[PDB]
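> please find the sequence and an experimentally derived structure below.
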Amino acid sequence: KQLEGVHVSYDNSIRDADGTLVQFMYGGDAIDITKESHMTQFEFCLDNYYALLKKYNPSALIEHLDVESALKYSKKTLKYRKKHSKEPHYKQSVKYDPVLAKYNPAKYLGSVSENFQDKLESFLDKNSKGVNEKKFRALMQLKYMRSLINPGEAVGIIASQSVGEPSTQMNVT
Amino acid sequence: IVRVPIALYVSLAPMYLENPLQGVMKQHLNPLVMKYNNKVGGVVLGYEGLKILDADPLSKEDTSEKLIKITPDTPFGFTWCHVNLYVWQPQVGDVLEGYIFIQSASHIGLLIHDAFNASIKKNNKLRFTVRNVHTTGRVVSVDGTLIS
Amino acid sequence: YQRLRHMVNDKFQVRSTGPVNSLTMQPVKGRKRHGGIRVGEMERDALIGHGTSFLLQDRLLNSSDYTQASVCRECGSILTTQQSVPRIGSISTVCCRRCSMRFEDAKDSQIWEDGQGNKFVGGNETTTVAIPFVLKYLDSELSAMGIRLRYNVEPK
Amino acid sequence: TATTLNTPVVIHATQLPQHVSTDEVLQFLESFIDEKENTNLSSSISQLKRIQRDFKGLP
Amino acid sequence: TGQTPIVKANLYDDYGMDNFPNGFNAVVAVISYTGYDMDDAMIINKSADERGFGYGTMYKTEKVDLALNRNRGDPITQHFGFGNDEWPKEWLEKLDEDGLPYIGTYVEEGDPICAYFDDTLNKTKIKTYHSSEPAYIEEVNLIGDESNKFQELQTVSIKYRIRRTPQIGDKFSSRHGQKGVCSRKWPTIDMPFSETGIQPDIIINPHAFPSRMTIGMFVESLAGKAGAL
Amino acid sequence: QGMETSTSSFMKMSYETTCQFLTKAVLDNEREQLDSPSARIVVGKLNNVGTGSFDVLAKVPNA
Amino acid sequence: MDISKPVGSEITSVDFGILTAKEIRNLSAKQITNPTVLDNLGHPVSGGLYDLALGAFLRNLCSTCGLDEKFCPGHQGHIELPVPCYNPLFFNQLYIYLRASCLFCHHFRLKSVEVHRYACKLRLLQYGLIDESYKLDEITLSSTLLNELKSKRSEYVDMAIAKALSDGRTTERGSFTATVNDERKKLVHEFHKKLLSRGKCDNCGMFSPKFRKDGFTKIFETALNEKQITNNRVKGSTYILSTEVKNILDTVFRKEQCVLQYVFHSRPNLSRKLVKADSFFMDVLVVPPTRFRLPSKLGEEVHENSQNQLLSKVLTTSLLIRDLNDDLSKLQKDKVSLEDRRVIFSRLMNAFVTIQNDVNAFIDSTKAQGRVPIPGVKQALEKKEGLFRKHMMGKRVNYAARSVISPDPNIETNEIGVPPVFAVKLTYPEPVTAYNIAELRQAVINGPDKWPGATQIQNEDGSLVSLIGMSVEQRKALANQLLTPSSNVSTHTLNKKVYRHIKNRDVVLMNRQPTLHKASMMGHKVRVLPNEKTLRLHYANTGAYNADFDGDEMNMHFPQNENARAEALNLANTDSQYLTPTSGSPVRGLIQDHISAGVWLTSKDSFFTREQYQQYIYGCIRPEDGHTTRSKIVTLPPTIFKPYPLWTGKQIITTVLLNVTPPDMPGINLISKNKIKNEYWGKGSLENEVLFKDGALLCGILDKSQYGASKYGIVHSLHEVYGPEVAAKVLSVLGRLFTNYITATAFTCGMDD
Amino acid sequence: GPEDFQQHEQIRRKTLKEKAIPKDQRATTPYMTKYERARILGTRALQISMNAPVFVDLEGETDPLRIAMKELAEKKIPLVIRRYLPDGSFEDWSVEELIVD
DNA sequence: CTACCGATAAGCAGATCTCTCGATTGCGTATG
DNA sequence: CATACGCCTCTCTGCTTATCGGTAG
RNA sequence: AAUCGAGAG
Ligand SMILES: [Mg+2]
Ligand SMILES: [Zn+2]
Ligand SMILES: [Zn+2]
Ligand SMILES: [Zn+2]
């Protein structure tokens, strides 16, 4: 009854129908729960790259987009975080923010989450095979672009159902 | 005979989505011609300068393509429109020139202005005054009063 | 093997149209009366979660109690309106009661008469909207409690 | 009759009426059916031929 | 048509429940063959169904008490029968001479049940059957009063009959909680057969047994085959 | 108690204690803005979540 | 609703309000005079509760509208009760405002400086200024000092609002949000608490008497104190009438109009209407129309409406007090029987109590007193069985069926088995066009019995025609004259609508209560079957609906407009919901017997000859029904060449994929496992893992883990690679494959197992 | 009387003009979301059903929803979506401007 | 000294899917 | 003895309210 | 129409 109105705005932020804002990103990444099926399944993604291309056509989904600024700022911020290395969160600077915060995740290619980038680079450290890191990276980024919750998705209803329906199958309480 | 630019919110038929000017005129104006309309009153005659509005705020004028807003329930679209009504206006106390069609002792059956019905009551070219106007009847009409 | 008494001839039901509840103009309850089946609160909430909005509007307004009521644009109320009794050859007109005064009190055509014979001139500014009949019932039950509801129409 | 499909929702007026001149009378008489028919309502638009002759000649 | 259970308890005879057979001894095949019975459904034999398997009727009583208006000395305003007014002969085609219907007449919606000439309205009044289920009449019991004072006839009790043959969607259940709606009348040419030459009249899935854990059904199948043999 | 401070009075009234939320809305002369999904269902307006989050126009071809 | 009668106007908001006592009098079509609802002869009685002025009643032309029972919408009337009655809704607000009021000076028993502080704060909060309302408390730093404080605070607030309006942080209507609402309610609550705490009035110095209450419609006051009277004298459980409380409140509200406008208006009052304290008192009741108070015939018994009962009771007490006033004037001239005059005055007081309690009963059933109690207006819309929940959130609907469900593995997984009886009853109004007359004329010819057919034909003028009682030649004339030009000028943009039967073209809504999650209500393309009267459902949807076949039934709603058709076909259709948004795990897939048959067909020990292999593939696929992609079935090389050509089950799965999967697309190179440990197959077995490649199965076995309630399976990867549509078709094709297979090599269980 | 209507009209038109986005500042998704796709198809279907003009050959079609899907494939649909924002603003993306899937 | 108030255990108001059948409906006393 | 007209006792949250004293005018 | 009773998933 309370969450029945909250729904993703066309700004990728979720906010109840009175306008008040609850979150700026769904979970912090704007990643659709249904569509996040194999985002981190990079081995399957690589094994199927050539089949996945026929649906993530770059030449059909590149013109009406910007493909430079988001990736450039992404590399900039990635290097920034890498250089700062490990230090307690209250000491680290905030000179650089997540890319989706500044760049539209649905208009600017490469504007993706931070866990996604870390795991993608970690599994790209395999160096085992055509298919090259550039084409694989571009296709994974287009996958992330197509894996975003559409605006107006009844996210509040969906969350209320996801937290109530499993409760049918139910020393601290 | 006066011109009244009015703004109306008239629905549009999906059948006329390829001719909106005619789809507005033939659907909301011809049913107003020669009818006592509660904005002017006289026999509405002429629909000059019909301009269809545009639901796009940043729409430069003179454009031959316009937007029509579609109701969420039905395919019929609504919009605002502008047109000069250009309508006569006979009222009480105005000189009226008429003719007599068929003479009756109780209520003369006559068509004023060669087309418009009327009658002459009991207690009451020619330039006769007007006491009242009959528009709740079958046709547009006005009785005759000859007291002076 | 036992043949149970829950046979399918006592369980199936379909309605296209039929009887409606008089005070809500919604389909009646029950099978033996040829009524409807309730799409409840949980089903409505499920229909919202899908985002299928017109499904929700069809299963909660369009096919239950959709009525082309009349609302006074000047007044802002639904159930204060009334048809005008026609004179000889006239055409009946929809007119307001709250927004109308007596032609008798104030000292041509803008005068309308009700059935009892009184003559009024006044709030002849009612439009037609699309509301559930449960809205009119709720409006009546609120007005009987001393509460007014002004409804704002998009075109004024 | 007179449902939405044949009735404006509202005919709110924007300005006060203005009259015309005599040179706007004989323009409408000679250039209306030229711009309209050069249906069933035609049984109610025939009276314009009567209105034209009132301001043109002898009825 | 009911049958005694071959696999009966000893108390089926101490209490004497042979007077009310609630079912029949069906040849059950625990087989996954048709696909039309996986979750909880089951399949009957079309031929067996057509030879009287599980047939039954339904009986419905409808009181036709005509004292709905008269009250304790008020005149009898309605008498069963036909008056000297206009009444189409299609009514008599279904109605007996006295206004009550015959026995064993096929009745549907809109058919008259009983007619009577109403005194005040000077017109015969019929009554119609209220159900979308075609029916046959069983009896018409006239009803009087037990007081020493005698009256007219105003109450009649009618019993109806309808053929409730077992169609797909009906629930048949074993005696071990293995309920399941009939999902299709499988034609006997399509049914599986054995060397002996019998198509089982009931097909149930084996996957109903693991989760439900009814070995009683298996041992009842075994005991039933042994006892019939 | 956790939904007292919400602009949609229809949501609260449909939820529970319809009377108390009705008094709190009539007394402050709150103008229910008809934007929560419950208010839309109360009045009969197309819901704005999903296929009601936008509008639809029609490009005519002629002036 | 109808799609060919659009509505020009539309509601855009709604604002509550108090129904003023004089507008109803202006509105009302008739007063209510006598309690007796009806006389004999079956006729209405003038001045009763069934007047013709309040609406049509049983073929009685409405004396107000003049229309009949099918067209009279009802007309409200009013009952004029003499003594004003407390409105039971606002009793607590009436008590709060009456209390903490000084009838002596006609002001609140609180400092005017603090009262103006609260009023300024509230007028700031009306525009959403939250920080300004808190920095207003920085001016605190006797008449001259107090007036200086008032002037500076009001000037500051006016400047703050001017700055906010100029910058754009507000508009003319005001800025109202959840945070502003919280702040405003918090401030109002603290203001009421501070107001109802003071002792003697601080604006004059005079004590005022206290009040009490024994609940609702029960008003009393008290007497002063032995020391208070001395304080009052140097400064200078009685019952209270409702009119007395009203007269007390009128003055103080006229005095405090400023604070009351900033309390009784959460939005900036544009209408600048006053706040009249008579709003708390119902001087005149409203009677709902006869349309809303009609009785019903449950056979011969007729029940009088309970609203009529309570209104006639209120009117009985009204006539009692009115006719008691007639004899109170009899003792007015003879002022010598004052004792009996006081007796009937106590009688008048008790009649006041009774009428106030009667209106309290008429509004809230519990706010009555006395111990079956008749429902009141509040009780009519309060709870689950009230009005909001039972008739506005969820309503019974037309064009919706219901029946027991049964399985049918021979319908596509996006389909449902519609019985013939529904298919001749559920309908859909198809407006006739030149692309429909081929089939719509045929539906009209066939009529309401022969599916596909039609039940009604809705004429161009909106009139309806029924085909139920017509002949073949008559319906032939109607169909041949179905589409024709309309000579009516008004309906020159409308065409005939045919209420055609539900074909297989359409889509339907299915719902198995309780609807725990959104996936339990999807859309299915209808397939019409000439079998028994039950809905037939594929097996994969049993997981989504949590549905069994042990006697389950589920509602089947038929969308009646293209908006809803396209809604259910694209956003809610069962194929577009392969996974659930609970955790992104799959929810669809074959369930038990197809899985156990897969463990056998994909077993390494199973080979199939040329004939058996080709039969299985064709029965599974049927290219004539669109399951293929190459316009001709393709094949595979047999595994074995000598002595004779044999195949394998894994090859059967491989060619099934190759036939459903779109061409010129690499097959699913998948690596996963299943629920079967290697040691079960014997030493050296590698069946625990499945090795798909180029659209071919090469190791392990298919299982539940690759189709059903398990992740990272073959159907899950087919979903991930070709969308959900191809995964749905794979589910369907495997359902028709493991079915026709299990007929040939059946599966059983017994005591030996 | 007439002039107050002009004041209302000017106020509403100026508010509408200020709410909108000037055809080039719009920064919403270029992808057509599923909800927009569904409603676009349905509204076009309804318009065709009420006999609105159709530009593509029916190919022996009977279903207006199928015809609308064919139009969307051809992209000859005269229909403009208008994405409203939290506070309320417009972005009148037309048909041949969005990328589907 | 006492009022202003800031905080100390108790009374009450309101909570706790859809469906199909069937049966029955409070009494006392006053006039004819 | 029919007919007709009214009086009558086995949950939990969260806000109604405490008795008294701390402490600056 | 409510109350009570029997059941279905
Ligand atoms: Mg079940
Ligand atoms: Zn009004
Ligand atoms: Zn009426
Ligand atoms: Zn005072």
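Perfect, I can see it now. Residues are numbered from 1 along each chain as shown, chains lettered A, B, ... in the order given. Ligands and ions are numbered 1, 2, ... in the order given.
> all helices for chain A, in order.
In chain A, the helices defined using DSSP state H lie at A:42-53, A:69-84, A:99-102, A:114-124, A:133-146, A:155-164.
> which one of the ones you listed lies nearest to residue G:561?
Of all those, helix A:155-164 sits nearest to residue G:561, with 22.9 Å by C-beta to C-beta. Yep, even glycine has a C-beta here, placed from its N, CA and C like the rest.
> and the closest one, anywhere near chain C?
Yes. Applying C-beta under 8 Å from any C-beta of the partner chain, one finds that helix A:155-164 is in contact with chain C at A:157-158, A:161.
> tell me what that helix is packed against?
Here helix A:155-164 touches strand A:7-8, helix C:41-49, going by 3 or more C-beta pairs under 8 Å, 6 or more residues apart in numbering or on different chains; DSSP states H and E.
> any idea which of the ones you listed gets closest to residue E:39?
Ranking the helices and strands packed on helix A:155-164 by proximity to residue E:39 (C-beta to C-beta) places helix C:41-49 first, at 22.4 Å.
> what helices or strands is the following helix or strand past that closest one leaning on?
For helix C:41-49, the succeeding helix or strand toward the C-terminus, using DSSP states H and E, is helix C:53-57. On a contact count with 3+ C-beta pairs under 8 Å, 6+ apart, helix C:53-57 meets helix C:41-49, helix G:562-570.
> got the contact list for the residue positioned nearest the centre of chain D?
Centroid-nearest residue in chain D: residue D:48, 7.3 Å away (criterion: C-alpha atoms, centre = their mean). Contacts for residue D:48 (C-beta atoms under 8 Å, 6 or more residues apart in numbering or on different chains) come out as B:34, B:45, D:32.
> relative to residue A:89, how far out is the first one?
It refers to residue B:34. Computed with C-beta to C-beta, to the nearest Å, the distance linking residue B:34 and residue A:89 is 81 Å.
> circling back: ranking the helices and strands packed on helix C:53-57 by burial, who's on top?
Scoring the helices and strands packed on helix C:53-57 by mean neighbour count under mean count of other C-beta atoms under 10 Å in any protein chain shown gives helix G:562-570 as the most buried, with a mean of 28.
> what about it, near chain A?
No. Judged by C-beta under 8 Å from any C-beta, helix G:562-570 makes no contact with chain A; its nearest approach is 12.4 Å.
> run the chain-centre distance for that helix.
When distances are taken as C-alpha atoms, centre = their mean, to the nearest Å, helix G:562-570 is centred 20 Å away from the chain's centroid.
> contacts for it?
Under the criterion C-beta under 8 Å, 6+ apart, residues C:52-55, C:57-58, F:51, G:506-509, G:522-523, G:559, G:576, H:34, H:37-39, H:41-43, H:45-46, H:49, H:64-65, H:68 lie in contact with helix G:562-570.
> what subset of those is buried?
Burial by neighbour count, 16 or more other C-beta atoms under 10 Å in any protein chain shown: within those this picks out C:52-55, C:57-58, F:51, G:506-509, G:522-523, G:559, G:576, H:34, H:37-39, H:41-43, H:45-46, H:49, H:64-65, H:68.
> quick one: the helices in chain H?
H:2-19, H:34-49, H:64-74.
> now residue A:87. Its backbone dihedrals?
Main-chain torsions, residue A:87, degrees, to the nearest 10: phi -160, psi 150.
> one more: residue G:605?
With angles defined as degrees, to the nearest 10, residue G:605 sits at phi -80, psi -10.
> could you check how far it is from ligand 2?
Distance, residue G:605 to ligand 2, using C-beta to the ion, to the nearest Å: 85 Å.
> what's the burial count for that residue?
Applying other C-beta atoms under 10 Å in any protein chain shown, we find 8 residues neighbouring residue G:605.
> what's the answer for residue B:9, then?
Residue B:9 sits with 19 neighbouring residues when counted by other C-beta under 10 Å.
> on that earlier part again, among the residues of helix A:155-164 next to chain C, which ones are buried?
For those, buried by 16+ other C-beta under 10 Å: A:157-158, A:161.
> format the residues you listed as CSV; extra columns: distance to residue H:87.
Listed next are these as CSV, based on distance: C-beta to C-beta, whole Å:
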residue, distance to residue H:87
A:157, 23
A:158, 25
A:161, 29
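> now flag whichever of these is closest to residue F:31.
Nearest to residue F:31, judged by C-beta to C-beta, of these is residue A:157 at 26.1 Å.
> residues of chain B that sit close to chain G?
Applying C-beta under 8 Å from any C-beta, we find that chain B lies next to chain G at B:9, B:11, B:13-16, B:27, B:31, B:71, B:73-76, B:78.
> same deal with chain F?
Contacts of chain F with chain G, taken as C-beta under 8 Å from any C-beta, map to F:4-7, F:9, F:13-14, F:16, F:18-19, F:22-23, F:25-34, F:38, F:41-45, F:50-51.
> if we look at DNA strand I, which of those are close to it?
F:16, F:19 (C-beta under 7 Å from any atom of the strand).
> and the residues of chain F next to chain G near chain A, which?
Answer for the residues of chain F next to chain G near chain A (C-beta under 8 Å from any C-beta): F:6-7, F:14, F:33, F:38, F:50-51.
> could you give the number of residues near residue A:62?
For residue A:62, the count of nearby residues is 13 (other C-beta under 10 Å).
> tell me who's in contact with it.
Applying C-beta under 8 Å, 6+ apart, we find residue A:62 in contact with residue A:109.
> phi, psi for the residue nearest to residue G:305 when sequence neighbours are not counted please.
Spatial nearest neighbour of residue G:305, chain neighbours left out: residue G:293 (4.8 Å); criterion: C-beta to C-beta, 6 or more residues apart in numbering or on different chains. For residue G:293, the backbone dihedrals are phi -120, psi 20 (criterion: degrees, to the nearest 10).
> tell me if I'm right that residue G:293 and residue G:307 touch.
Yes. The criterion here is C-beta atoms under 8 Å, and residue G:293 meets it with residue G:307 at 5.2 Å.
> what's the helix or strand containing residue E:162 in contact with?
Assigned by DSSP H and E, residue E:162 falls within strand E:155-163. Contact partners of strand E:155-163, identified using C-beta under 8 Å, 6+ apart, comprise E:57-67, E:80, E:100-101, E:107, E:113-114, E:133-144.
> tell me the residue furthest from the middle of chain E?
Taking C-alpha atoms, centre = their mean, the residue of chain E most remote from its mean C-alpha position is residue E:73, at 40.8 Å.
> could you dump the contacts of residue D:48 to JSON lines with neighbour count and secondary structure?
Shown next, in JSON lines, are those (neighbours: other C-beta atoms under 10 Å in any protein chain shown; DSSP: H, G, I helix; E, B strand; the rest coil):
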{"residue": "B:34", "neighbour count": "21", "secondary structure": "coil"}
{"residue": "B:45", "neighbour count": "20", "secondary structure": "coil"}
{"residue": "D:32", "neighbour count": "16", "secondary structure": "coil"}
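> which of the residues you listed lies closest to residue G:337?
The closest of these to residue G:337 turns out to be residue B:34 (C-beta to C-beta; 77.9 Å).
> relative to residue C:87, how far out is that closest one?
Counting by C-beta to C-beta, the gap between residue B:34 and residue C:87 amounts to 22 Å.
> again with residue E:229
According to C-beta to C-beta, residue E:229 and residue C:87 sit 96 Å apart.
> for these two, indicate the residue with more neighbours.
Neighbour comparison, residue E:229 and residue C:87: the larger count goes to residue C:87, with 13 against 5 (by other C-beta under 10 Å).
> which residues touch that one?
Contacts of residue C:87 were listed using C-beta under 8 Å, 6+ apart, and they are B:136, C:113.
> fine by me, thanks again.
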